[PDB]
Amino acid sequence: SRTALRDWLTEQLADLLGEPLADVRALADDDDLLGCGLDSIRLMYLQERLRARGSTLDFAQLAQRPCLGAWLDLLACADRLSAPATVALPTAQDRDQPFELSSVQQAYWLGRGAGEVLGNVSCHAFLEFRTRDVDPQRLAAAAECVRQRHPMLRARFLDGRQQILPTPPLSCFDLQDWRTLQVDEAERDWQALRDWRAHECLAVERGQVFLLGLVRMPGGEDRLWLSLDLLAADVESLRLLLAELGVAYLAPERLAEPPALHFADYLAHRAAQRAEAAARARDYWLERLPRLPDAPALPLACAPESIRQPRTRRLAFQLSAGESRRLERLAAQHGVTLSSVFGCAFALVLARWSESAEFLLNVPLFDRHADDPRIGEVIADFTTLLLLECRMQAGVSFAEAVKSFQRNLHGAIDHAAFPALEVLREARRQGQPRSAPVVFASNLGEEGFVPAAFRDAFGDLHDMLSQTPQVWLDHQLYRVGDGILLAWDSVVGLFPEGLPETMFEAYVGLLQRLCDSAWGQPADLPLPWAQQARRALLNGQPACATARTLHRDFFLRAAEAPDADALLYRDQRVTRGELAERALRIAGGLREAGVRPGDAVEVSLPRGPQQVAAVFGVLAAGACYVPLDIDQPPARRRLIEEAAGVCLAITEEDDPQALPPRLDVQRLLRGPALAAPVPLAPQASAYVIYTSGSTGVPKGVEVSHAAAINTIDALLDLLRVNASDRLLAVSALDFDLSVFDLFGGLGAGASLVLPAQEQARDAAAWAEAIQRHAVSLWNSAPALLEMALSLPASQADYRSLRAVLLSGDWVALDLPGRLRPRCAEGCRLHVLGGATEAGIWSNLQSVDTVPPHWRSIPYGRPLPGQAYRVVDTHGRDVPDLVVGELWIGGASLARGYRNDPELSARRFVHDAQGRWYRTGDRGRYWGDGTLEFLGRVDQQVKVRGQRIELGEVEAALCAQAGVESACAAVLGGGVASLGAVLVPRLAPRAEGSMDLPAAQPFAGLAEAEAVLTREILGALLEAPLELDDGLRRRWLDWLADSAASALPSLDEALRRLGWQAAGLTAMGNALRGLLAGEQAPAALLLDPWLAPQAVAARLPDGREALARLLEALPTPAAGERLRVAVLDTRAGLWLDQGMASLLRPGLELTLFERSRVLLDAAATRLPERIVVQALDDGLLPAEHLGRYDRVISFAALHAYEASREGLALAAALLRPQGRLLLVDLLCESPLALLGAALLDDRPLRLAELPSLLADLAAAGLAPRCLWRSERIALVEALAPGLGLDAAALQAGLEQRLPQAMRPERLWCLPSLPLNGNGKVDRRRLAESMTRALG
Ligand SMILES: Nc1ncnc2c1ncn2[C@@H]1O[C@H](COP(=O)(O)O)[C@@H](O)[C@H]1O
Ligand SMILES: [Mg+2]
């Protein structure tokens, strides 16, 4: 009855809150009980009382609607609709026996071992307290009294089990009386004792789970301190050890009763009583296990595997009684537990310090749930560990975040019934390596953490430590005073030195603005202000530029000294006057050709003075130059000419009827000179560099003169570039480092040494050109300079080279090591950062030397006038050392992409901090404000210094007629090659019209294989212990079901199948060799008596199928070449049964496999004139696509994960109108079924013939089923015009990609592998291609 139930709940709440019964009855039905000071510890008690009343509700059901009315309306359902909690408990377990560990004690125990991830430590709490005088004889009594009073305080831990001893062999109390000492010595010795015993691994293996102790300081001070391994205790149990030590010190007679409910009795009861909720929670965790977030991805100075004996460092902050009150009142007004305030505020900090906002944290629940009320006096480890996934919402108030985090935590509390350790174990077994190495422990009992009976004897908690193993950062909370001690037991040296302090200072700041300001304020933290202060300096670097047309300065340097050498090229030179005139003639020719201000002009000239004159001439016509290599291939050039909206192209070719009108630079050099460059305002489009672009369409990066010249000035004024300098422009014109050579170098009036197009990658030409023109300035991607430095110092003298710019790709840490002894005195290497989209660069790390902690040469300070943010995936700045997305900002940015406003809005984003490029580079601001770049998260990679989007390479391969989809990756090995992988499209058909005469087989052959199974198993089942239990259970039954029952025959079977007693003897012995040699399972495929294809090739009349599959190969009678391939080679063992008439005169035959080792076992025995080709790590080298007039599959199509795998592979491998020849098991071969059992791989793979045909016709091949039917069916099928070939791909790549990004090696898969998100597995494919490089 509902009113009687509200009375019962009122009485439970009046107990659990301690409020009066009448006052609690006066709470309204919708009045929030967390809004009255209910918390989770009380609510699990109330929920346990409801469970004990048979009124079964989950904690989450009560907790998602935490008010009396909602509880009553849940309960009016549950008292008739919900399951009874009735379980037959074990009423006792034998009290001295080595009983099982609780799940969280198993975690601590396994974490105690030296080998485990961040292991080798206790899990102990250490507590320190102060007082003037206390008696050691009271304390030595008190410690041994509490060891005898509570079973768990003397529990030995061995071998994954715990044993309550009679009395432990080792003392409970460490008296350290030092009233003898000098204070300074005792205080340092205290620090030595503190450091030892607060990190000490307690001797739990000898039942010392806890050790009290007391230093007596010569300053007249007793530092009572307490080491307790939480293997023995909940921190709630620890504060009861404190209460009892308090009474046992003060008045030991008042210790009421040794609390009777022994911990083995509790674990037996609790495990059985949780068991259905644990199985229900297990279903929930299994459905989430591939979807768990990881560890909080915090900035680690060391890998957690690599610090061998982790000291905890405590950080702590006593929130005042007033701060606590303000959190408690706001928490109540916002309907949340005080633990959810702290857990949410901590998860916001962890989110803000993580590379991802989704992570686990290990939340130790209280789990004191047993029927005897004295369980709340027992001292065992009643913790149970909740693996809280939390998934912190960015861009919300804290009120929204804490309610979300509470509903998440409260929702997860029932799912803690399956313990966090078994979740993580099941993750490790499922190949999900995950851990929850950040702990969160709310210990908020209002009596105080240190209980009254102990505070009356000793000072309130002076200090403490955790030592939780596997755990980086143990965040406890305690009531201390009636305030709240926040503690972060971070691990020493795991994090960067400033970080846990800085992160905790931001956590305290967060909790204080939660005391002191309403929760409608953002959950998204400020940075720790000092981090934002540093970064606002480094971003705030002043413009350091005069906003002007980009060409202005060169035309000034020309007007100021017309005779000075502007360009040096192929051992001739061009003056600034000559170049300015040549440019202004081009400009006049361009205005004559209808080009006009901020309209755009392609420049596509071989590297040399006419190119430089043309870009200056475009700019001096007022136009935006759109550089492309002359090597840029015609279809790609048409994508760019189309996308750029380009007015004109300059190309040495005259063609006024091209896509843009295309012009001879030599004719534009006949043009009248403009008397000046056209006046452009600084913001006009200056260069549009066509970077590679991920949809396949290349992308024009439209950079204003202001933007370009802000980078250039910021760097000219740093290099101190002057008229005596000369630059080697190894920069290609469509790679925007050239824009600095071009308008920086000549704007300062330094000369440009240009390589010829003949010298575009030629280190020896650069070395000659540098030593010949005494080049002072280098500028490149470091791939080009490492190439230049690979010439010896005797062959390539760079001592003229005053200063060096390295850019746009990873500088190796030893490149300044190679470079400083090679280049000039005053070497001035600068490594520069930032993308095409940001003007020519955006950072500068100078490198006089590399300090050893650089893992890469960082992006330095931002260049003057431009800036970096590093952001979370929600746009807010990440804290220092945290990885986030590099946003380049400020005056240097490109205006956008030339005609892609939507991709521009995706990249050039606007924020309260101005305009930002959102690069997709990852990186982190170090504590010194330097910006370590950390590579890229996305499909964009660097090939020979140049930028490539793998999405472009893939799209340029999908642009092949015949490709369904593609993958690309830059590969491992010293070659650093770009690879790619193809799925062909199959041109499907439906082809059920089939005309196989089925009649050749007879049932006596399946009976004969049954008799041979009776021979082989009848012998090996004299020694069935050679097998495993799966082989035994199958083969003992199959000795009827596949060998004799309903399959009678004589040993004439063997004479019908064709193998005789020497064969059977080798089958039995080779199988014993497979079993007992430890080579399982793969050695099945290395022996002609073992393998499913080798047995099939004679036993099921696979030889009479082979007599037809060995035919359709006309080459010797044709007098002419036939190209043939085999998919199902394995160790070659079926070809060995056709070999002489298989290996026909005139033939090309190629072996393929899907492993190396089996094909190499084929090459070890088959004649080496046959061509050998791995499909290494699944992967077909594309040099074989469309090559073969005949393709073979043989007694292994079942072994492909679909027929559609092998059939698409065959269809790709076949030349058009060439033929597949396919034989496979459809019916059981009883002996191939032994082999299937030894692979332990399903004989359900053996197709029906209609299904084989439907899959094959879906793979587009037109079939005829020929012969040999249900034992082994020979199908041929004939290839459509799939249109792929090696040379056709190479030609289509040569049409659509420059030689920078055509894959130097190319492959195919019948489908791409998916990672666990359902996206293409570019890491597995990068590895697979790397393995396929050999
Ligand atoms: N010093 C560098 N080290 C490594 N990568 C760099 C460096 N400088 C620039 N990059 C990055 O390389 C990426 C590819 O080059 P980009 O074509 O300009 O986009 C960009 O996102 C750049 O920020
Ligand atoms: Mg770029």
# chains A, B, ... in the order shown; residues from 1 in each chain; ligands from 1
>>> residues_near_ligand(ligand="ligand 1", cutoff="6 Å", atoms="only C-alpha atoms and all ligand atoms", output="PyMOL selection string")
chain A and resi 807-811+831-836+859+919+921+947
>>> residues_near_ligand(ligand="ligand 2", cutoff="10 Å", atoms="only C-alpha atoms and all ligand atoms", output="number ranges by chain")
A: 689-693, 699, 701, 735-736, 808, 834-840, 919, 940-942, 946-949
>>> residues_around(residues="residue 775 (chain A)", least_positions_apart="2", cutoff="9 Å", atoms="only C-alpha atoms", output="list in words")
residues 725, 726, 727, 728, 751, 752, 753, 769, 770, 771, 772, 773, 777, 778, 798, 799, 800, 801 and 802 of chain A
>>> write_last_selection(atoms="N, CA and C atoms", output="CSV table (one decimal), in the first residue's frame")
chain,number,residue,atom,x,y,z
A,725,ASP,N,73.3,38.2,-50.0
A,725,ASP,CA,72.8,36.9,-49.9
A,725,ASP,C,72.5,36.3,-51.2
A,726,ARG,N,72.6,35.0,-51.3
A,726,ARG,CA,72.0,34.2,-52.4
A,726,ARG,C,71.2,33.0,-51.9
A,727,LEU,N,70.1,32.7,-52.4
A,727,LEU,CA,69.2,31.6,-52.0
A,727,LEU,C,69.2,30.5,-53.0
A,728,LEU,N,69.4,29.2,-52.6
A,728,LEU,CA,69.1,28.2,-53.6
A,728,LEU,C,67.6,27.8,-53.5
A,751,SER,N,70.0,37.4,-54.3
A,751,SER,CA,69.8,36.6,-55.5
A,751,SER,C,69.2,35.3,-55.3
A,752,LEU,N,68.5,34.7,-56.3
A,752,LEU,CA,68.1,33.3,-56.3
A,752,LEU,C,68.9,32.5,-57.3
A,753,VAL,N,69.6,31.5,-56.8
A,753,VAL,CA,70.1,30.5,-57.6
A,753,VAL,C,68.9,29.6,-57.8
A,769,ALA,N,75.9,24.4,-57.7
A,769,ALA,CA,75.3,25.7,-57.7
A,769,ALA,C,75.6,26.5,-56.4
A,770,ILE,N,75.6,25.8,-55.3
A,770,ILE,CA,75.9,26.5,-54.0
A,770,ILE,C,77.4,26.8,-53.9
A,771,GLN,N,78.3,25.9,-54.2
A,771,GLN,CA,79.7,26.2,-54.2
A,771,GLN,C,80.2,27.2,-55.3
A,772,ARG,N,79.5,27.3,-56.4
A,772,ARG,CA,79.8,28.1,-57.6
A,772,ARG,C,79.3,29.5,-57.3
A,773,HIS,N,78.0,29.7,-56.8
A,773,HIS,CA,77.5,31.0,-56.5
A,773,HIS,C,77.6,31.5,-55.1
A,777,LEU,N,71.9,31.2,-48.3
A,777,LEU,CA,70.6,30.9,-47.8
A,777,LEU,C,70.0,29.6,-48.4
A,778,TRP,N,69.7,28.6,-47.6
A,778,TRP,CA,69.0,27.4,-48.1
A,778,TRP,C,67.6,27.5,-47.6
A,798,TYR,N,79.2,23.3,-48.5
A,798,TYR,CA,78.2,24.3,-48.1
A,798,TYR,C,78.7,25.3,-47.1
A,799,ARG,N,80.0,25.5,-47.0
A,799,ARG,CA,80.5,26.5,-46.0
A,799,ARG,C,80.1,27.9,-46.3
A,800,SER,N,79.6,28.3,-47.5
A,800,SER,CA,79.1,29.6,-47.8
A,800,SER,C,77.7,29.8,-47.2
A,801,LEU,N,77.0,28.8,-46.7
A,801,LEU,CA,75.6,28.7,-46.4
A,801,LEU,C,75.3,29.3,-45.0
A,802,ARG,N,75.3,30.6,-44.9
A,802,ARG,CA,75.0,31.5,-43.8
A,802,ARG,C,73.9,31.0,-42.9
>>> residues_around(residues="residue 209 (chain A)", least_positions_apart="2", cutoff="10 Å", atoms="only C-alpha atoms", output="compact mmCIF listing (two decimals) with N, CA, C and O atoms, in the first residue's frame")
# COMPACT_ATOMS: atom_id res chain seq x y z
N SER A 122 52.15 -1.68 -3.36
CA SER A 122 51.21 -2.25 -2.39
C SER A 122 49.71 -2.09 -2.66
O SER A 122 48.98 -3.05 -2.48
N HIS A 124 48.70 0.34 -0.60
CA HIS A 124 48.46 0.77 0.77
C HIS A 124 48.11 2.23 0.87
O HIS A 124 48.74 3.07 0.23
N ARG A 147 44.33 -5.93 15.70
CA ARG A 147 44.64 -7.13 14.90
C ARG A 147 43.86 -8.35 15.36
O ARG A 147 43.46 -9.15 14.52
N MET A 152 40.29 -9.39 9.30
CA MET A 152 41.06 -9.02 8.12
C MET A 152 42.39 -8.35 8.42
O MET A 152 43.30 -8.44 7.61
N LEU A 153 42.58 -7.75 9.59
CA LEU A 153 43.82 -7.04 9.94
C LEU A 153 45.01 -7.97 10.20
O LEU A 153 46.08 -7.53 10.58
N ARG A 154 44.83 -9.27 9.95
CA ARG A 154 45.85 -10.31 10.04
C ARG A 154 45.75 -11.30 8.88
O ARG A 154 46.18 -12.44 8.99
N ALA A 155 45.15 -10.88 7.77
CA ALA A 155 45.02 -11.71 6.58
C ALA A 155 46.33 -11.82 5.80
O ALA A 155 46.86 -10.84 5.30
N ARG A 156 46.87 -13.02 5.67
CA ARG A 156 47.96 -13.34 4.77
C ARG A 156 47.44 -13.42 3.33
O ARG A 156 46.35 -13.92 3.12
N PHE A 157 48.22 -12.98 2.36
CA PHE A 157 47.88 -13.06 0.94
C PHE A 157 48.93 -13.90 0.22
O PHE A 157 50.10 -13.54 0.21
N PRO A 168 49.79 -12.86 13.12
CA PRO A 168 50.88 -12.75 12.15
C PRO A 168 52.26 -12.81 12.82
O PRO A 168 52.41 -12.33 13.94
N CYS A 172 52.91 -5.35 14.62
CA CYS A 172 51.95 -4.39 14.08
C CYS A 172 52.36 -2.92 14.27
O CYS A 172 51.67 -2.03 13.80
N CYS A 201 56.16 -1.71 0.26
CA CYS A 201 55.32 -2.87 0.02
C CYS A 201 55.19 -3.69 1.32
O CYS A 201 56.08 -4.43 1.68
N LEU A 202 54.09 -3.52 2.06
CA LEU A 202 53.81 -4.27 3.30
C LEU A 202 53.84 -5.79 3.05
O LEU A 202 53.41 -6.26 1.99
N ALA A 203 54.31 -6.54 4.04
CA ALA A 203 54.47 -7.99 4.01
C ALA A 203 53.12 -8.72 4.20
O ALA A 203 52.94 -9.53 5.11
N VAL A 204 52.18 -8.48 3.28
CA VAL A 204 50.91 -9.21 3.22
C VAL A 204 51.13 -10.71 3.03
O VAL A 204 50.37 -11.52 3.55
N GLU A 205 52.22 -11.11 2.39
CA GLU A 205 52.64 -12.50 2.24
C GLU A 205 52.96 -13.16 3.59
O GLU A 205 52.96 -14.38 3.70
N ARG A 206 53.18 -12.36 4.63
CA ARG A 206 53.34 -12.80 6.02
C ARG A 206 52.32 -12.12 6.94
O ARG A 206 52.58 -11.88 8.11
N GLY A 207 51.14 -11.82 6.41
CA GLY A 207 49.99 -11.35 7.18
C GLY A 207 50.12 -9.95 7.76
O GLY A 207 49.19 -9.46 8.39
N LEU A 211 50.45 -1.81 9.54
CA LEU A 211 51.50 -1.47 10.46
C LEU A 211 51.25 -0.04 10.90
O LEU A 211 51.39 0.91 10.13
N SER A 227 50.29 2.65 8.17
CA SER A 227 50.35 2.03 6.86
C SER A 227 49.36 0.88 6.84
O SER A 227 49.48 -0.04 7.63
N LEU A 228 48.36 0.91 5.97
CA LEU A 228 47.37 -0.14 5.80
C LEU A 228 47.26 -0.50 4.33
O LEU A 228 46.81 0.30 3.52
N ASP A 229 47.59 -1.73 3.98
CA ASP A 229 47.34 -2.21 2.65
C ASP A 229 45.86 -2.33 2.42
O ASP A 229 45.18 -3.08 3.11
N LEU A 230 45.32 -1.62 1.43
CA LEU A 230 43.91 -1.74 1.13
C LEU A 230 43.52 -3.13 0.61
O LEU A 230 42.34 -3.43 0.53
N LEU A 231 44.47 -4.04 0.36
CA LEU A 231 44.16 -5.46 0.30
C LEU A 231 43.35 -5.93 1.50
O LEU A 231 42.48 -6.77 1.35
N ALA A 232 43.61 -5.39 2.68
CA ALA A 232 42.84 -5.71 3.86
C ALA A 232 41.60 -4.86 4.01
O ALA A 232 40.74 -5.26 4.79
N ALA A 233 41.46 -3.71 3.36
CA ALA A 233 40.49 -2.73 3.82
C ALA A 233 39.95 -1.78 2.75
O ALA A 233 40.68 -1.13 2.01
>>> select_by_dssp(residues="region 1022-1270 of chain A", states="helix (DSSP H, G or I)", output="number ranges by chain")
A: 1024-1026, 1029-1041, 1052-1057, 1061-1076, 1082-1086, 1092-1096, 1102-1109, 1115-1118, 1135-1137, 1139-1142, 1156-1163, 1176-1178, 1182-1184, 1197-1199, 1203-1213, 1230-1238, 1243-1245, 1249-1258
>>> write_last_selection(atoms="C-alpha atoms", output="tab-separated table (two decimals), in the first residue's frame")
chain	number	residue	atom	x	y	z
A	1024	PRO	CA	44.19	-40.45	-28.61
A	1025	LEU	CA	46.30	-38.53	-25.97
A	1026	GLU	CA	48.41	-37.23	-28.93
A	1029	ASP	CA	39.81	-32.79	-26.45
A	1030	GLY	CA	38.15	-31.15	-29.51
A	1031	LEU	CA	39.90	-33.64	-31.85
A	1032	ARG	CA	38.99	-36.52	-29.44
A	1033	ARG	CA	35.24	-35.61	-29.04
A	1034	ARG	CA	34.93	-35.27	-32.85
A	1035	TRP	CA	37.09	-38.26	-33.91
A	1036	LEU	CA	35.77	-40.76	-31.32
A	1037	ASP	CA	32.21	-39.99	-32.64
A	1038	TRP	CA	33.33	-39.82	-36.31
A	1039	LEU	CA	34.76	-43.36	-35.91
A	1040	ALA	CA	31.04	-44.09	-36.42
A	1041	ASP	CA	29.54	-40.94	-38.04
A	1052	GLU	CA	39.02	-52.18	-51.37
A	1053	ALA	CA	38.15	-48.57	-50.44
A	1054	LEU	CA	41.90	-47.79	-50.36
A	1055	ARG	CA	42.42	-49.37	-53.85
A	1056	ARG	CA	39.44	-47.25	-55.15
A	1057	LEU	CA	40.67	-43.94	-53.62
A	1061	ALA	CA	49.34	-48.78	-47.05
A	1062	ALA	CA	52.63	-46.80	-47.48
A	1063	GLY	CA	50.40	-43.72	-47.95
A	1064	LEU	CA	48.22	-44.52	-44.87
A	1065	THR	CA	51.41	-45.10	-42.81
A	1066	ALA	CA	52.73	-41.68	-43.88
A	1067	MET	CA	49.32	-40.02	-43.14
A	1068	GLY	CA	49.33	-41.45	-39.56
A	1069	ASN	CA	53.00	-40.58	-38.86
A	1070	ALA	CA	52.80	-37.08	-40.45
A	1071	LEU	CA	49.69	-36.44	-38.29
A	1072	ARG	CA	51.62	-37.57	-35.15
A	1073	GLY	CA	54.38	-35.17	-36.33
A	1074	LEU	CA	51.82	-32.32	-36.67
A	1075	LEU	CA	50.40	-33.07	-33.18
A	1076	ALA	CA	53.56	-33.84	-31.12
A	1082	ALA	CA	49.92	-24.72	-39.98
A	1083	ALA	CA	52.19	-27.78	-40.51
A	1084	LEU	CA	49.00	-29.57	-41.76
A	1085	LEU	CA	49.62	-27.64	-45.01
A	1086	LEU	CA	53.34	-28.70	-45.41
A	1092	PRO	CA	43.18	-30.89	-47.34
A	1093	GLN	CA	44.19	-29.99	-50.94
A	1094	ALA	CA	46.75	-32.88	-51.13
A	1095	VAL	CA	44.30	-35.54	-49.81
A	1096	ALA	CA	41.50	-34.04	-51.98
A	1102	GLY	CA	40.06	-34.73	-57.14
A	1103	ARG	CA	42.56	-36.33	-59.58
A	1104	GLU	CA	39.80	-36.98	-62.16
A	1105	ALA	CA	38.67	-33.35	-61.66
A	1106	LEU	CA	42.39	-32.37	-62.01
A	1107	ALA	CA	42.48	-34.29	-65.37
A	1108	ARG	CA	40.03	-31.58	-66.68
A	1109	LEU	CA	41.43	-28.59	-64.67
A	1115	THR	CA	49.91	-23.39	-75.01
A	1116	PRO	CA	51.99	-26.33	-76.50
A	1117	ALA	CA	49.37	-27.27	-79.16
A	1118	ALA	CA	48.78	-23.52	-79.86
A	1135	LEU	CA	50.26	-29.48	-58.42
A	1136	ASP	CA	52.78	-32.22	-57.48
A	1137	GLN	CA	49.99	-34.71	-58.51
A	1139	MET	CA	53.13	-31.74	-62.46
A	1140	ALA	CA	54.48	-33.09	-65.82
A	1141	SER	CA	51.35	-32.32	-67.95
A	1142	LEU	CA	50.53	-29.30	-65.71
A	1156	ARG	CA	54.78	-16.68	-47.41
A	1157	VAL	CA	55.77	-19.91	-45.61
A	1158	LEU	CA	53.42	-22.25	-47.51
A	1159	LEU	CA	54.48	-20.79	-50.91
A	1160	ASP	CA	58.17	-21.07	-49.81
A	1161	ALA	CA	57.44	-24.71	-48.88
A	1162	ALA	CA	56.09	-25.04	-52.46
A	1163	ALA	CA	59.30	-23.40	-53.85
A	1176	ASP	CA	51.76	-11.36	-48.34
A	1177	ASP	CA	49.58	-10.34	-45.34
A	1178	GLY	CA	46.54	-10.99	-47.62
A	1182	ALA	CA	49.01	-5.07	-58.59
A	1183	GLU	CA	51.69	-5.95	-61.18
A	1184	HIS	CA	49.57	-9.17	-61.50
A	1197	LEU	CA	37.90	-21.87	-51.85
A	1198	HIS	CA	36.05	-22.92	-48.66
A	1199	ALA	CA	39.14	-21.74	-46.65
A	1203	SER	CA	33.94	-17.51	-51.72
A	1204	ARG	CA	33.60	-13.76	-52.64
A	1205	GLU	CA	37.20	-13.25	-51.36
A	1206	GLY	CA	38.86	-15.87	-53.62
A	1207	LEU	CA	36.44	-15.17	-56.52
A	1208	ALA	CA	37.02	-11.39	-56.54
A	1209	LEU	CA	40.78	-12.11	-56.30
A	1210	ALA	CA	40.46	-14.47	-59.32
A	1211	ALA	CA	38.36	-11.92	-61.25
A	1212	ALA	CA	41.00	-9.20	-60.59
A	1213	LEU	CA	43.89	-11.54	-61.54
A	1230	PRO	CA	36.02	-37.53	-44.46
A	1231	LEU	CA	39.84	-37.13	-44.72
A	1232	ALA	CA	39.77	-33.42	-45.63
A	1233	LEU	CA	37.33	-33.25	-42.64
A	1234	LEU	CA	40.21	-34.53	-40.41
A	1235	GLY	CA	42.25	-31.59	-41.83
A	1236	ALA	CA	39.34	-29.16	-41.21
A	1237	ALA	CA	39.27	-30.42	-37.57
A	1238	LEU	CA	43.08	-29.87	-37.31
A	1243	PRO	CA	33.39	-27.63	-42.69
A	1244	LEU	CA	30.21	-25.42	-43.13
A	1245	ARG	CA	32.58	-23.46	-45.49
A	1249	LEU	CA	27.10	-25.78	-56.24
A	1250	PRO	CA	24.17	-23.28	-56.75
A	1251	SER	CA	25.76	-21.05	-54.06
A	1252	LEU	CA	29.25	-21.31	-55.64
A	1253	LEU	CA	27.64	-20.22	-58.97
A	1254	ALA	CA	25.65	-17.33	-57.40
A	1255	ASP	CA	28.79	-16.00	-55.63
A	1256	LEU	CA	30.85	-16.40	-58.83
A	1257	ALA	CA	28.19	-14.71	-61.04
A	1258	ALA	CA	28.05	-11.93	-58.38
>>> residues_around(residues="region 528-533 of chain A", least_positions_apart="2", cutoff="8 Å", atoms="only C-alpha atoms", output="VMD selection string")
chain A and resid 502 to 503 505 to 506 526 535 to 537 879 to 880 927 929
>>> write_last_selection(atoms="N, CA and C atoms", output="mmCIF file, in the first residue's frame")
data_model
loop_
_atom_site.group_PDB
_atom_site.id
_atom_site.type_symbol
_atom_site.label_atom_id
_atom_site.label_comp_id
_atom_site.auth_asym_id
_atom_site.auth_seq_id
_atom_site.Cartn_x
_atom_site.Cartn_y
_atom_site.Cartn_z
ATOM 1 N N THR A 502 49.802 21.419 -11.798
ATOM 2 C CA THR A 502 49.064 22.378 -12.624
ATOM 3 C C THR A 502 47.639 21.942 -12.915
ATOM 4 N N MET A 503 47.462 20.663 -13.172
ATOM 5 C CA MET A 503 46.198 20.018 -13.449
ATOM 6 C C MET A 503 45.317 20.008 -12.197
ATOM 7 N N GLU A 505 45.813 22.188 -9.581
ATOM 8 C CA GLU A 505 45.532 23.606 -9.371
ATOM 9 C C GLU A 505 44.340 24.066 -10.199
ATOM 10 N N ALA A 506 44.181 23.565 -11.425
ATOM 11 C CA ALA A 506 42.990 23.801 -12.231
ATOM 12 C C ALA A 506 41.760 23.063 -11.706
ATOM 13 N N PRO A 526 38.682 27.104 -17.943
ATOM 14 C CA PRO A 526 39.809 27.896 -18.387
ATOM 15 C C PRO A 526 41.076 27.037 -18.356
ATOM 16 N N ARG A 535 51.057 31.520 -23.600
ATOM 17 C CA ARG A 535 50.584 31.326 -24.965
ATOM 18 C C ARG A 535 50.060 32.597 -25.587
ATOM 19 N N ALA A 536 49.383 33.443 -24.840
ATOM 20 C CA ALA A 536 49.036 34.760 -25.327
ATOM 21 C C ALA A 536 50.282 35.618 -25.615
ATOM 22 N N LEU A 537 51.419 35.467 -24.930
ATOM 23 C CA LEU A 537 52.648 36.128 -25.377
ATOM 24 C C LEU A 537 53.103 35.589 -26.721
ATOM 25 N N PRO A 879 45.408 22.389 -22.499
ATOM 26 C CA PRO A 879 46.504 22.745 -21.617
ATOM 27 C C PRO A 879 47.860 22.327 -22.157
ATOM 28 N N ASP A 880 48.925 22.899 -21.636
ATOM 29 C CA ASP A 880 50.276 22.517 -21.993
ATOM 30 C C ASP A 880 50.530 21.023 -21.778
ATOM 31 N N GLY A 927 55.676 22.904 -21.461
ATOM 32 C CA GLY A 927 55.635 23.839 -20.335
ATOM 33 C C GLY A 927 56.419 25.138 -20.563
ATOM 34 N N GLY A 929 56.353 26.804 -23.307
ATOM 35 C CA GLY A 929 55.624 27.435 -24.394
ATOM 36 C C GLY A 929 56.067 27.070 -25.806
#
>>> select_by_dssp(residues="region 398-580 of chain A", states="strand (DSSP E)", output="ChimeraX atom specification")
/A:438-443,463-465,473-480,483-491,565-569,572-575
>>> closest_residue(among="A:894, A:665, A:375, A:812", to="residue 854 (chain A)", atoms="only C-alpha atoms")
A:812
>>> closest_residue(among="A:815, A:784, A:733, A:1325", to="residue 972 (chain A)", atoms="only C-alpha atoms")
A:1325
>>> residues_around(residues="residue 1014 (chain A)", least_positions_apart="3", cutoff="9 Å", atoms="only C-alpha atoms", output="VMD selection string")
chain A and resid 1009 to 1011 1017 to 1019 1038 to 1040 1042 to 1044
>>> closest_atom_pairs(of="region 325-367 of chain A", to="region 57-72 of chain A", cutoff="10 Å", atoms="only C-alpha atoms", output="tab-separated table")
residue	atom	partner	partner_atom	distance
A:335	CA	A:66	CA	8.2
A:336	CA	A:66	CA	9.3
A:337	CA	A:63	CA	9.9
>>> write_last_selection(atoms="C-alpha atoms", output="compact mmCIF listing (two decimals), in the first residue's frame")
# COMPACT_ATOMS: atom_id res chain seq x y z
CA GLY A 335 19.94 17.35 -7.48
CA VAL A 336 23.39 15.65 -7.34
CA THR A 337 25.49 13.66 -4.89
